[PDB]
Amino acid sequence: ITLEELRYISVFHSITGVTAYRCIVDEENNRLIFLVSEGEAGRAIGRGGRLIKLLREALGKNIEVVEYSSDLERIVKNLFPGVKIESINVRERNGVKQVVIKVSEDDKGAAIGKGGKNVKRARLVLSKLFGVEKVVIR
């Protein structure tokens, strides 16, 4: 937790009143991803996403909220809302963790997202939270 992330987390609570466990910085897309407790996402977003907007203005970046979970399958389902997750497989060899997410043939496209947008955000998040160095949609 860098001092920068610390600030981000501080402002998150000051604006929304909700506590952010972690804030994953995504410079490649000028985006901050706040991790909140189960069932707290709606409170963090606010009526009409008004809090998301105030945070964007306060922090100068696009804001995203995801509910944290120590359970991998759960947080994966949270990371891919628009898709149905059938199963996940964590393959570890020599300390290298790889995660294979199983979706339906049809849902496959939406899983990865355009430009792999979705698979990339997850890889970013699982990397910082679970040591996963690679995510794959199957």
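Position 1 is the first residue in the sequence shown; the rest follow in order.
Participant: When the C-alpha temperature factors are averaged for each of 101 to 109 and 65 to 73, which stretch ends up with the higher value in the entry?
Facilitator: Looking at the record's C-alpha B-factors, the answer is 101 to 109.
Participant: Identify the stretch, either 90 to 98 or 44 to 52, whose C-alpha atoms have the larger mean B-factor according to the entry.
Facilitator: Per the PDB record, 90 to 98.
Participant: What third of its chain's C-alpha B-factors does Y21 belong to: lowest, middle or highest?
Facilitator: As the PDB entry reports it, the C-alpha B-factor of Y21 lands in the middle third of its chain.
Participant: So where's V36 on the chain's Cα temperature factor ranking, which third?
Facilitator: Lowest third.
Participant: Sorting by Cα B-factor within the chain, modelled residues only, which third would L126 end up in: lowest, middle or highest?
Facilitator: CA B-factor rank for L126: middle third.
Participant: Sorting the chain's modelled residues by C-alpha B-factor, tell me whether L79 ends up in the lowest, middle or highest third.
Facilitator: Lowest third - that is where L79 ends up once the chain's C-alpha B-factors are sorted.
Participant: Just say lowest, middle or highest third for the CA B-factor of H13 relative to the other modelled residues in its chain.
Facilitator: For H13, the deposited C-alpha B-factor lands in the lowest third.
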